[PDB]
Amino acid sequence: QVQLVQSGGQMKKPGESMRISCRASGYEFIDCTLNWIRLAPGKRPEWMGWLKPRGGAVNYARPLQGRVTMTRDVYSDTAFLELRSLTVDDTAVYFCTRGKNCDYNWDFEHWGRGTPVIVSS
Amino acid sequence: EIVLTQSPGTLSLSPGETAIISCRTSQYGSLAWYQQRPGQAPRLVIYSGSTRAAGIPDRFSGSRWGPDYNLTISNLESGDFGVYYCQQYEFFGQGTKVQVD
Amino acid sequence: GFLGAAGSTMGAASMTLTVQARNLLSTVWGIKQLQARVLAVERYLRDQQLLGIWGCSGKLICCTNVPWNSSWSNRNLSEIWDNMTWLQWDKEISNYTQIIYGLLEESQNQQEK
Amino acid sequence: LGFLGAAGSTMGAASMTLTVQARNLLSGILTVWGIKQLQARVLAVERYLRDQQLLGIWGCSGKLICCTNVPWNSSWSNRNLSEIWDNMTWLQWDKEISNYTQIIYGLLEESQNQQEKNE
Amino acid sequence: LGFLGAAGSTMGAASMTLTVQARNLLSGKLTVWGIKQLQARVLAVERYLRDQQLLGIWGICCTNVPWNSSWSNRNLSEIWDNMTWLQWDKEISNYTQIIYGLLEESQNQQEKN
Amino acid sequence: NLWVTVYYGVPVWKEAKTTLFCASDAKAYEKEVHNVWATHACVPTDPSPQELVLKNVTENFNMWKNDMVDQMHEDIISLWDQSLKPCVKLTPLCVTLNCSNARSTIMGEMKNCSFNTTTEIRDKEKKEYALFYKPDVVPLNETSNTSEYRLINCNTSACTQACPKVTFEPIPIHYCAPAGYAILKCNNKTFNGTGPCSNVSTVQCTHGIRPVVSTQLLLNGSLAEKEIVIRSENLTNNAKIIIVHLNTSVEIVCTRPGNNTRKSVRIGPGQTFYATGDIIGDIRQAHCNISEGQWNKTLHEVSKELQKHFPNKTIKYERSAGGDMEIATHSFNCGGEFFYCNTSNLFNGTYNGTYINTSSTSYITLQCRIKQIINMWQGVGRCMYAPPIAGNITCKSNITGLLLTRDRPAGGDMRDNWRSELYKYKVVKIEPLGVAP
Amino acid sequence: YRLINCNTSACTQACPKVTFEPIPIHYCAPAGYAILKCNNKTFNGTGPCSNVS
Amino acid sequence: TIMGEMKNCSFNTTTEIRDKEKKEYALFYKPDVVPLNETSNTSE
């Protein structure tokens, strides 16, 4: 069964490096494009990350230039999200996701366990 | 720039009612809808403006051609409470929630 | 040139049917030509076979003993003769397709009684 | 499969089911193991081509019946019309004439050439 | 092999035996070596199909193309009695594409009907 | 009341899909002299002269939904794989290497390596003295001293040598319809990627597209005949690829100095490795020359073309997004050896002073890098090795198209890069029977 | 000493059941082709032949 | 009764580096393995 498994969250100090890993369980990871989004209480949720894992194509949203990075390891079938210079506003649940079909690269089908990010201000 | 204004912000309805949520776009595209229960992963509900997604009953329906899209949820089951998000491929809005009256 | 007939109505095309039939006939990596050759030969053989089954081989057009019905088409002589480009008529009759297939077998057999 | 229905019947019933048998005879519906289908396709196509060719050599294509111009000998089968037409079933008659197979194969290339002395 | 006997004879005797040539013309794990028998059979079948196709497009056969004497002025008796097939075949072979063509038009003039 | 008939030879169409087969010229054993991509099995000679314009032929085209490009890609990858099938396997090389930098900006890039190897006698060992590029060697665990290295591949997969005579630049190869099929070519110059086409022509066989290989740019291609052309699935669907097809070419030349020399290295009975033996010259690393500020002019035209389709969001340009090295850098295989170049200088600058300005000053330079080991087709695990070539290697090419995303140069797909060429064409089959009054 | 081959190339063994003397093997024309045999015993390597079978 | 059927085996094996060696700790069923000549100790 296709499934997205998320690692544990992080409860670290602001102004720190933050890292998350998500594995596409039970699927050919190389072929389909994953994505990252944010969900928080009462927040206009936001699109974070792109990853076409075959060639490792990447692009970033407007607020995330430079700060946000991710990469992939095809052998591990795991996408590694990593944020630089953590801040209080980054507090949100993060989902590694997928679209209904691997034809268009958008995220409205699959969702992980929602590993949370908490900023110990 | 919110180019998807869900309205009304929230609805307080008893079980079995028919909930209606409007979403207004201004750019050509696909209006799908999300739903997540409190503390649970989201699920696709409506796709392509009117079509139900997989595993979604006939309770949910949608429309229309034009800039305004009207989600409808007949026979409100309490499990369908929680937040919703109007969405299409490159667009989703602020989100709206349904609760007990 | 037969594609030139595609870009014209029925009457002009009627004088150029033969050339289409003429052209219709003809590193393990390179072995894939055999499939194309076999399938083209099979399509041609299906054509000749089915021409046989109408009792209408040799002749390109044949007086074959089934009638027409207004349900399959009501549009008249003049429209189909002059104005009508081939693909549109082919699509219109293709709405029927299999029903406008069938019966000529027993008509071949009627003349074969 | 209806053409085999005539195999289970006498001559007259098979007289109309000739075409349905003819239709299906031509075609039907790491792993390099599967290309033997091409052998089968080639062999079936060759058998069909042999049939059409041989029909050509009688000068009797298009038709399934043709007024071929040769003697007949009772030595091959002396039995009367009614038995061979009414009571008979195809496999038995085919077996009976099969004894004379090459005794009922041969000439009619020359018969075609005979009426082709003026064609 | 009898048809080659007609090859060693003039037009008259060979006219009696053209059919035998047509009869013979059709047919007669680790070792993937021998697979090219298949494509050889395919090519032979394609040659036969080309023969039948050309026969079809023409509609022995009372056809209607004329014959300019420039291609050959030699009289009736020569190309019945004296003439061995290879010589006359070579003689007309000089005009090959000059004498390939209008049988399709001979079909077309009767396709006017 | 008018009664039934059968046409034969009806000129109509059905949008069928089938396996195309190509035609290509050939002159010798390796498809003209040497081969990678060509295949004489696709027969000579060019049957493209069969062409015809057709009246009133309105037909739809869709390059995004084209399928024969996929079959052609399958053909290329299968051919490339079976070409490398007989070549040597470099498994024995993966032994510990005691290494250092060069002997004496500069080719300190080179890592000198010495290692043990077996002779033709299976039980006898000898030392070696070899040179390798830095990115093609991984140091062992840093708990041990970093002087020890290994080949990158053997932690994951095997290796294979590239045969010497199997080396070839892309040939123009024509894709030809089989019997019963035909190729429809749209001729309207303003083709919008998909839709009806009115000046449609038909050919027995199509243009001789070259199987060119390059990342982030299209080079040695066929220019457009209108002005610079834009094609996209849907522009407002921002996160999808946009392709740009140039109407005028731009020249790029790539070189590395030095009379570099290779040496064969016997490794077991019946095969030899080709290590780089020495570098002889100033050997300033792999700089490439761009045709002066003609790029400065061309970006103006591209910006205007983009601005035509969209409201006034001011157009500008940016470095590669990042990701893997092959996506980070423009790549190509002109000299046999593979080249990679940081394309930051191409996309820097935003303002009209260098985007509505034109002049000819001096060739723009790109920092570049050389590599041997490569997973050829965009990371798929055909891990193979290319040998070095003698010195004074040089290349020349004409740039013809670009790849972009929407709201940066894109990475792209080589299948997509060829699909950018095959938009002209479409496949169809014949249906020769019908009826009338 | 050493084996001669390994300075130049590899080696292979001959399988035991793969052993065979020259068999008379015929060569047959495919359909549409024919084989022409000259019978003149004085054949001079090339030229016309009269008793062709 | 119990997995005395199973035999614990330890052995030398090569790493990805062709010349280096490491020991292992593996399990195999009895019928899938055979002891060497009994003149040597049967533990091998």
# chains A, B, ... in the order shown; residues from 1 in each chain; ligands from 1
$ residues_around --residues "residue B:1" --least-positions-apart "2" --cutoff "12 Å" --atoms "only C-alpha atoms" --output "compact mmCIF listing (two decimals) with N, CA and C atoms, in the first residue's frame"
# COMPACT_ATOMS: atom_id res chain seq x y z
N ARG A 44 -3.65 30.63 7.49
CA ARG A 44 -3.73 30.44 6.05
C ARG A 44 -2.64 29.43 5.67
N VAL B 3 -6.62 34.76 -3.71
CA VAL B 3 -7.46 34.60 -4.89
C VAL B 3 -8.41 33.41 -4.72
N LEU B 4 -8.70 33.03 -3.47
CA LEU B 4 -9.74 32.04 -3.16
C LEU B 4 -10.32 32.42 -1.80
N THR B 5 -11.43 33.15 -1.83
CA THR B 5 -12.09 33.62 -0.62
C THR B 5 -13.24 32.68 -0.28
N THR B 25 -13.19 32.21 -7.03
CA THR B 25 -11.90 32.31 -7.70
C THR B 25 -11.89 33.51 -8.65
N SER B 26 -10.70 33.80 -9.17
CA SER B 26 -10.53 34.83 -10.19
C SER B 26 -9.52 34.42 -11.26
N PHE B 91 -3.96 26.76 -6.31
CA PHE B 91 -4.71 27.71 -5.48
C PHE B 91 -5.36 26.97 -4.32
N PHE B 92 -5.22 27.48 -3.09
CA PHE B 92 -6.21 27.17 -2.06
C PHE B 92 -6.34 28.38 -1.15
N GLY B 93 -7.45 28.45 -0.42
CA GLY B 93 -7.84 29.64 0.31
C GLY B 93 -7.52 29.58 1.80
N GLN B 94 -8.27 30.38 2.57
CA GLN B 94 -8.03 30.50 4.00
C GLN B 94 -8.54 29.31 4.80
$ select_by_dssp --residues "stretch 66-104 of chain C" --states "helix (DSSP H, G or I)" --output "MDAnalysis selection string"
chainID C and resid 77:83 86:94 104
$ write_last_selection --atoms "C-alpha atoms" --output "short mmCIF file (atom, residue, chain, number, x, y, z; two decimals), in the first residue's frame"
data_model
loop_
_atom_site.label_atom_id
_atom_site.label_comp_id
_atom_site.auth_asym_id
_atom_site.auth_seq_id
_atom_site.Cartn_x
_atom_site.Cartn_y
_atom_site.Cartn_z
CA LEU C 77 -28.17 12.34 -52.79
CA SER C 78 -26.94 15.88 -53.41
CA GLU C 79 -25.41 16.57 -49.99
CA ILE C 80 -23.36 13.38 -49.94
CA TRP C 81 -22.29 13.75 -53.59
CA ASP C 82 -21.10 17.34 -53.78
CA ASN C 83 -20.62 19.18 -50.49
CA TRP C 86 -14.92 12.24 -46.52
CA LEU C 87 -14.04 12.41 -42.82
CA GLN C 88 -17.38 13.97 -41.84
CA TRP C 89 -19.44 11.30 -43.61
CA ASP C 90 -17.16 8.62 -42.19
CA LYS C 91 -17.76 9.98 -38.69
CA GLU C 92 -21.52 10.18 -39.24
CA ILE C 93 -21.82 6.58 -40.41
CA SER C 94 -19.34 5.62 -37.68
CA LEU C 104 -24.46 -8.54 -46.22
#
$ closest_atom_pairs --of "chain G" --to "chain F" --cutoff "10 Å" --atoms "only C-alpha atoms" --output "CSV"
residue,atom,partner,partner_atom,distance
G:2,CA,F:121,CA,7.7
G:3,CA,F:121,CA,9.2
G:5,CA,F:269,CA,8.1
G:6,CA,F:269,CA,4.8
G:7,CA,F:120,CA,5.9
G:8,CA,F:270,CA,5.3
G:9,CA,F:270,CA,3.9
G:10,CA,F:270,CA,5.7
G:11,CA,F:269,CA,9.3
$ residues_around --residues "residue E:41" --least-positions-apart "5" --cutoff "12 Å" --atoms "only C-alpha atoms" --output "list in words"
residues 34, 37 and 38 of chain C; 38, 39, 41, 42, 43, 45 and 46 of chain D; 25, 26, 27, 28, 35, 36, 46, 47 and 48 of chain E; 29, 30, 31, 32 and 33 of chain G
$ closest_atom_pairs --of "stretch 11-66 of chain B" --to "stretch 97-106 of chain A" --cutoff "10 Å" --atoms "only C-alpha atoms" --output "CSV"
residue,atom,partner,partner_atom,distance
B:44,CA,A:100,CA,8.8
B:47,CA,A:100,CA,9.7
B:53,CA,A:100,CA,9.1
B:54,CA,A:100,CA,9.5
$ interface_residues --of "chain B" --to "chain F" --cutoff "9 Å" --atoms "only C-alpha atoms" --output "JSON, numbers by chain"
{"B": [27, 28, 29, 89, 90]}
$ write_last_selection --atoms "N, CA and C atoms" --output "compact mmCIF listing (two decimals), in the first residue's frame"
# COMPACT_ATOMS: atom_id res chain seq x y z
N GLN B 27 -9.13 33.15 -11.32
CA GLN B 27 -8.19 32.65 -12.31
C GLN B 27 -8.64 31.27 -12.77
N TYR B 28 -8.48 31.01 -14.06
CA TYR B 28 -8.90 29.73 -14.62
C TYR B 28 -8.08 28.60 -14.01
N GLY B 29 -8.76 27.50 -13.69
CA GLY B 29 -8.09 26.37 -13.07
C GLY B 29 -9.08 25.27 -12.77
N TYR B 89 -5.50 23.34 -8.45
CA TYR B 89 -4.11 22.88 -8.55
C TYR B 89 -3.10 23.86 -7.96
N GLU B 90 -3.14 25.11 -8.39
CA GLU B 90 -2.19 26.12 -7.92
C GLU B 90 -2.78 27.06 -6.86
$ residues_around --residues "residue D:119" --least-positions-apart "4" --cutoff "10 Å" --atoms "only C-alpha atoms" --output "PyMOL selection string"
(chain D and resi 112-115) or (chain E and resi 60-61)
$ select_by_dssp --residues "chain H" --states "strand (DSSP E)" --output "list in words"
residues 6, 7, 8, 9, 12, 13, 14, 21, 22, 23, 26, 27, 28 and 29 of chain H
$ write_last_selection --atoms "N, CA, C and O atoms" --output "PDB file, in the first residue's frame"
ATOM      1  N   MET H   6      17.699 -25.186  13.068  1.00  0.00           N
ATOM      2  CA  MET H   6      18.483 -24.043  12.620  1.00  0.00           C
ATOM      3  C   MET H   6      19.910 -24.194  13.127  1.00  0.00           C
ATOM      4  O   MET H   6      20.122 -24.575  14.284  1.00  0.00           O
ATOM      5  N   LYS H   7      20.882 -23.899  12.266  1.00  0.00           N
ATOM      6  CA  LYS H   7      22.295 -23.894  12.629  1.00  0.00           C
ATOM      7  C   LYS H   7      22.861 -22.488  12.501  1.00  0.00           C
ATOM      8  O   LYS H   7      22.778 -21.873  11.433  1.00  0.00           O
ATOM      9  N   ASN H   8      23.438 -21.988  13.590  1.00  0.00           N
ATOM     10  CA  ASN H   8      24.126 -20.704  13.568  1.00  0.00           C
ATOM     11  C   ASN H   8      25.462 -20.859  12.860  1.00  0.00           C
ATOM     12  O   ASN H   8      26.212 -21.798  13.142  1.00  0.00           O
ATOM     13  N   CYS H   9      25.764 -19.933  11.951  1.00  0.00           N
ATOM     14  CA  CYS H   9      27.002 -19.955  11.185  1.00  0.00           C
ATOM     15  C   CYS H   9      27.647 -18.578  11.181  1.00  0.00           C
ATOM     16  O   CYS H   9      26.966 -17.560  11.030  1.00  0.00           O
ATOM     17  N   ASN H  12      33.755 -15.578   7.068  1.00  0.00           N
ATOM     18  CA  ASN H  12      34.401 -14.406   6.502  1.00  0.00           C
ATOM     19  C   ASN H  12      33.738 -14.021   5.187  1.00  0.00           C
ATOM     20  O   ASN H  12      33.264 -14.880   4.441  1.00  0.00           O
ATOM     21  N   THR H  13      33.708 -12.719   4.905  1.00  0.00           N
ATOM     22  CA  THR H  13      33.136 -12.224   3.661  1.00  0.00           C
ATOM     23  C   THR H  13      33.842 -10.940   3.261  1.00  0.00           C
ATOM     24  O   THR H  13      34.416 -10.243   4.101  1.00  0.00           O
ATOM     25  N   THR H  14      33.779 -10.632   1.968  1.00  0.00           N
ATOM     26  CA  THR H  14      34.420  -9.435   1.445  1.00  0.00           C
ATOM     27  C   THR H  14      33.479  -8.241   1.532  1.00  0.00           C
ATOM     28  O   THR H  14      32.255  -8.384   1.451  1.00  0.00           O
ATOM     29  N   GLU H  21      38.072  -7.681   4.241  1.00  0.00           N
ATOM     30  CA  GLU H  21      37.293  -8.815   4.714  1.00  0.00           C
ATOM     31  C   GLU H  21      36.638  -8.469   6.043  1.00  0.00           C
ATOM     32  O   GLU H  21      37.156  -7.658   6.816  1.00  0.00           O
ATOM     33  N   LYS H  22      35.486  -9.090   6.295  1.00  0.00           N
ATOM     34  CA  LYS H  22      34.777  -8.944   7.557  1.00  0.00           C
ATOM     35  C   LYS H  22      34.132 -10.273   7.926  1.00  0.00           C
ATOM     36  O   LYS H  22      33.882 -11.118   7.064  1.00  0.00           O
ATOM     37  N   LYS H  23      33.872 -10.445   9.218  1.00  0.00           N
ATOM     38  CA  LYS H  23      33.195 -11.627   9.728  1.00  0.00           C
ATOM     39  C   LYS H  23      31.690 -11.395   9.744  1.00  0.00           C
ATOM     40  O   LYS H  23      31.220 -10.258   9.665  1.00  0.00           O
ATOM     41  N   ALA H  26      25.363 -15.486  10.898  1.00  0.00           N
ATOM     42  CA  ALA H  26      24.257 -15.883  10.036  1.00  0.00           C
ATOM     43  C   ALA H  26      23.642 -17.184  10.529  1.00  0.00           C
ATOM     44  O   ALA H  26      24.238 -17.923  11.317  1.00  0.00           O
ATOM     45  N   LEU H  27      22.431 -17.450  10.042  1.00  0.00           N
ATOM     46  CA  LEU H  27      21.637 -18.610  10.422  1.00  0.00           C
ATOM     47  C   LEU H  27      21.191 -19.364   9.176  1.00  0.00           C
ATOM     48  O   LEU H  27      20.765 -18.752   8.192  1.00  0.00           O
ATOM     49  N   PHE H  28      21.296 -20.695   9.216  1.00  0.00           N
ATOM     50  CA  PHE H  28      20.889 -21.550   8.107  1.00  0.00           C
ATOM     51  C   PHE H  28      20.303 -22.846   8.643  1.00  0.00           C
ATOM     52  O   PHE H  28      20.741 -23.355   9.678  1.00  0.00           O
ATOM     53  N   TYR H  29      19.308 -23.373   7.932  1.00  0.00           N
ATOM     54  CA  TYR H  29      18.731 -24.660   8.291  1.00  0.00           C
ATOM     55  C   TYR H  29      19.721 -25.782   8.010  1.00  0.00           C
ATOM     56  O   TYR H  29      20.581 -25.669   7.134  1.00  0.00           O
TER      57      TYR H  29
END
$ closest_atom_pairs --of "chain F" --to "chain C" --cutoff "9 Å" --atoms "only C-alpha atoms" --output "Markdown table"
| residue | atom | partner | partner_atom | distance |
| --- | --- | --- | --- | --- |
| F:1 | CA | C:68 | CA | 7.0 |
| F:2 | CA | C:68 | CA | 6.1 |
| F:3 | CA | C:67 | CA | 4.0 |
| F:4 | CA | C:67 | CA | 5.3 |
| F:5 | CA | C:62 | CA | 6.5 |
| F:6 | CA | C:61 | CA | 5.9 |
| F:7 | CA | C:61 | CA | 5.9 |
| F:8 | CA | C:60 | CA | 5.7 |
| F:9 | CA | C:17 | CA | 4.8 |
| F:10 | CA | C:17 | CA | 6.6 |
| F:11 | CA | C:6 | CA | 4.9 |
| F:12 | CA | C:87 | CA | 5.5 |
| F:13 | CA | C:87 | CA | 7.1 |
| F:18 | CA | C:36 | CA | 8.6 |
| F:19 | CA | C:36 | CA | 7.3 |
| F:20 | CA | C:36 | CA | 8.3 |
| F:21 | CA | C:33 | CA | 7.0 |
| F:39 | CA | C:27 | CA | 7.9 |
| F:40 | CA | C:30 | CA | 8.7 |
| F:41 | CA | C:30 | CA | 5.2 |
| F:42 | CA | C:30 | CA | 7.0 |
| F:52 | CA | C:1 | CA | 7.6 |
| F:53 | CA | C:4 | CA | 7.9 |
| F:54 | CA | C:4 | CA | 5.5 |
| F:55 | CA | C:7 | CA | 4.8 |
| F:56 | CA | C:7 | CA | 5.4 |
| F:57 | CA | C:7 | CA | 5.6 |
| F:75 | CA | C:29 | CA | 7.6 |
| F:78 | CA | C:29 | CA | 7.7 |
| F:79 | CA | C:29 | CA | 6.9 |
| F:82 | CA | C:27 | CA | 8.0 |
| F:83 | CA | C:27 | CA | 8.8 |
| F:178 | CA | C:36 | CA | 6.6 |
| F:179 | CA | C:26 | CA | 5.2 |
| F:180 | CA | C:24 | CA | 5.2 |
| F:181 | CA | C:24 | CA | 8.5 |
| F:202 | CA | C:3 | CA | 7.9 |
| F:430 | CA | C:24 | CA | 8.4 |
| F:432 | CA | C:21 | CA | 8.0 |
| F:434 | CA | C:90 | CA | 7.1 |
| F:435 | CA | C:90 | CA | 8.6 |
| F:436 | CA | C:80 | CA | 6.7 |
| F:437 | CA | C:77 | CA | 5.6 |
$ write_last_selection --atoms "N, CA and C atoms" --output "compact mmCIF listing (two decimals), in the first residue's frame"
# COMPACT_ATOMS: atom_id res chain seq x y z
N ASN F 1 -35.02 5.27 -52.69
CA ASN F 1 -34.35 4.31 -51.82
C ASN F 1 -33.13 3.75 -52.53
N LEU F 2 -31.97 3.89 -51.89
CA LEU F 2 -30.67 3.60 -52.48
C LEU F 2 -29.96 2.56 -51.62
N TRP F 3 -29.41 1.53 -52.26
CA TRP F 3 -29.06 0.27 -51.63
C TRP F 3 -27.55 0.02 -51.59
N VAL F 4 -27.15 -0.87 -50.67
CA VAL F 4 -25.83 -0.82 -50.04
C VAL F 4 -24.68 -1.03 -51.03
N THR F 5 -23.48 -0.56 -50.66
CA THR F 5 -22.28 -0.67 -51.47
C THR F 5 -21.06 -0.78 -50.56
N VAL F 6 -19.91 -1.06 -51.16
CA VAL F 6 -18.62 -0.99 -50.49
C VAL F 6 -17.65 -0.24 -51.39
N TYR F 7 -17.18 0.92 -50.93
CA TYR F 7 -15.96 1.52 -51.46
C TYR F 7 -14.74 0.70 -51.10
N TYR F 8 -13.69 0.85 -51.90
CA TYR F 8 -12.34 0.51 -51.51
C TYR F 8 -11.42 1.67 -51.87
N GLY F 9 -10.46 1.96 -51.00
CA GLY F 9 -9.58 3.09 -51.19
C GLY F 9 -10.11 4.41 -50.67
N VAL F 10 -11.04 4.37 -49.72
CA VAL F 10 -11.59 5.60 -49.14
C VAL F 10 -10.47 6.38 -48.45
N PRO F 11 -10.26 7.68 -48.76
CA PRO F 11 -9.24 8.46 -48.03
C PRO F 11 -9.76 9.09 -46.74
N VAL F 12 -9.80 8.29 -45.67
CA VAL F 12 -10.20 8.75 -44.34
C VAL F 12 -9.16 8.27 -43.34
N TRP F 13 -9.34 8.69 -42.09
CA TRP F 13 -8.33 8.55 -41.05
C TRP F 13 -8.92 7.97 -39.77
N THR F 18 0.81 3.18 -33.05
CA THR F 18 1.55 2.01 -33.51
C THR F 18 3.04 2.25 -33.27
N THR F 19 3.83 1.23 -33.62
CA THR F 19 5.27 1.27 -33.45
C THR F 19 5.91 1.80 -34.72
N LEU F 20 6.42 3.03 -34.68
CA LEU F 20 7.14 3.57 -35.81
C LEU F 20 8.50 2.88 -35.96
N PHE F 21 9.08 3.03 -37.14
CA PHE F 21 10.44 2.58 -37.41
C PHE F 21 11.17 3.66 -38.20
N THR F 39 21.80 3.80 -36.10
CA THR F 39 21.59 2.38 -36.33
C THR F 39 21.20 2.17 -37.79
N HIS F 40 22.13 1.57 -38.53
CA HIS F 40 21.90 1.20 -39.93
C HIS F 40 20.66 0.32 -40.12
N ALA F 41 20.24 -0.41 -39.08
CA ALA F 41 19.02 -1.21 -39.19
C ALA F 41 17.83 -0.36 -39.60
N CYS F 42 17.73 0.86 -39.08
CA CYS F 42 16.97 1.91 -39.74
C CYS F 42 17.66 2.25 -41.05
N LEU F 52 3.71 16.52 -49.61
CA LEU F 52 2.54 17.01 -50.32
C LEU F 52 1.74 17.94 -49.42
N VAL F 53 1.35 19.09 -49.97
CA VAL F 53 0.39 19.96 -49.30
C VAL F 53 -1.02 19.52 -49.66
N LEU F 54 -1.94 19.66 -48.71
CA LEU F 54 -3.30 19.15 -48.84
C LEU F 54 -4.31 20.26 -48.62
N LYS F 55 -5.39 20.22 -49.39
CA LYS F 55 -6.43 21.23 -49.29
C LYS F 55 -7.36 20.94 -48.11
N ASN F 56 -7.75 22.00 -47.40
CA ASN F 56 -8.82 21.98 -46.41
C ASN F 56 -8.59 20.97 -45.29
N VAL F 57 -7.35 20.54 -45.06
CA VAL F 57 -7.07 19.53 -44.04
C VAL F 57 -6.94 20.20 -42.68
N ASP F 75 13.67 3.36 -27.77
CA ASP F 75 14.64 2.88 -28.76
C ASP F 75 16.04 3.37 -28.44
N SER F 78 17.42 1.64 -25.19
CA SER F 78 17.74 0.24 -25.44
C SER F 78 19.00 0.10 -26.29
N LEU F 79 19.11 0.93 -27.34
CA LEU F 79 20.29 0.89 -28.20
C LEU F 79 21.54 1.25 -27.41
N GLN F 82 22.45 -1.77 -25.06
CA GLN F 82 23.03 -2.92 -25.73
C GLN F 82 24.37 -2.58 -26.37
N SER F 83 24.61 -1.30 -26.67
CA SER F 83 25.93 -0.89 -27.13
C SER F 83 26.98 -1.09 -26.05
N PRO F 178 5.27 3.02 -41.12
CA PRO F 178 5.13 1.76 -41.86
C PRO F 178 3.97 1.83 -42.85
N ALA F 179 3.85 0.77 -43.64
CA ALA F 179 2.76 0.67 -44.61
C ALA F 179 1.42 0.67 -43.89
N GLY F 180 0.45 1.37 -44.47
CA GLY F 180 -0.85 1.54 -43.86
C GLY F 180 -0.95 2.72 -42.91
N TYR F 181 0.18 3.28 -42.49
CA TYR F 181 0.22 4.46 -41.64
C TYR F 181 0.78 5.65 -42.42
N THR F 202 1.67 16.39 -45.51
CA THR F 202 1.87 14.98 -45.21
C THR F 202 3.12 14.49 -45.91
N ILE F 430 -4.96 4.37 -42.00
CA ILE F 430 -5.93 4.49 -43.08
C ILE F 430 -7.09 3.53 -42.84
N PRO F 432 -9.94 2.07 -45.50
CA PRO F 432 -10.18 2.27 -46.93
C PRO F 432 -11.59 1.99 -47.47
N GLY F 434 -16.16 2.49 -47.33
CA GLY F 434 -17.23 3.42 -47.01
C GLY F 434 -18.42 3.24 -47.94
N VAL F 435 -19.35 4.21 -47.90
CA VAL F 435 -20.63 4.13 -48.62
C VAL F 435 -21.08 5.52 -49.08
N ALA F 436 -22.10 5.54 -49.98
CA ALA F 436 -22.60 6.76 -50.65
C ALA F 436 -23.96 6.53 -51.31
N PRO F 437 -24.56 7.53 -52.05
CA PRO F 437 -25.76 7.27 -52.89
C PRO F 437 -25.61 7.18 -54.43
$ closest_residue --among "C:84, C:107, C:15, C:72" --to "chain E" --atoms "only C-alpha atoms"
C:15
$ residues_around --residues "residue F:274" --least-positions-apart "6" --cutoff "6 Å" --atoms "only C-alpha atoms" --output "PyMOL selection string"
chain F and resi 263-264+387
$ atom_distance --atom1 "atom CA of residue F:176" --atom2 "atom CA of residue F:199"
20.9 Å
$ interface_residues --of "chain E" --to "chain C" --cutoff "7 Å" --atoms "only C-alpha atoms" --output "list in words"
residues 56, 57, 59 and 108 of chain E
$ atom_distance --atom1 "atom CA of residue D:65" --atom2 "atom CA of residue D:40"
29.1 Å
$ residues_around --residues "stretch 218-226 of chain F" --least-positions-apart "2" --cutoff "8 Å" --atoms "only C-alpha atoms" --output "list in words"
residues 189, 190, 210, 212, 214, 215, 216, 228, 229, 245, 246, 247, 248, 249, 397, 398, 399, 400, 401, 402 and 417 of chain F
$ write_last_selection --atoms "C-alpha atoms" --output "mmCIF file, in the first residue's frame"
data_model
loop_
_atom_site.group_PDB
_atom_site.id
_atom_site.type_symbol
_atom_site.label_atom_id
_atom_site.label_comp_id
_atom_site.auth_asym_id
_atom_site.auth_seq_id
_atom_site.Cartn_x
_atom_site.Cartn_y
_atom_site.Cartn_z
ATOM 1 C CA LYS F 189 4.289 28.692 -37.904
ATOM 2 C CA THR F 190 2.203 30.111 -35.037
ATOM 3 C CA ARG F 210 19.341 14.582 -34.132
ATOM 4 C CA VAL F 212 21.169 15.609 -29.124
ATOM 5 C CA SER F 214 22.066 18.624 -23.251
ATOM 6 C CA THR F 215 20.628 19.870 -19.946
ATOM 7 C CA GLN F 216 18.948 23.254 -19.351
ATOM 8 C CA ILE F 228 10.901 33.204 -30.648
ATOM 9 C CA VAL F 229 8.164 30.720 -29.749
ATOM 10 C CA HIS F 245 12.276 27.788 -29.104
ATOM 11 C CA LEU F 246 14.640 30.322 -30.651
ATOM 12 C CA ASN F 247 14.323 31.820 -34.124
ATOM 13 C CA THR F 248 18.028 32.782 -34.211
ATOM 14 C CA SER F 249 20.942 30.671 -33.031
ATOM 15 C CA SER F 397 27.563 24.238 -31.218
ATOM 16 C CA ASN F 398 24.537 26.424 -31.918
ATOM 17 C CA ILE F 399 22.062 27.118 -29.115
ATOM 18 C CA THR F 400 18.406 26.925 -30.157
ATOM 19 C CA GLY F 401 16.116 26.688 -27.111
ATOM 20 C CA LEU F 402 15.702 27.116 -23.376
ATOM 21 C CA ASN F 417 13.633 17.926 -24.912
#
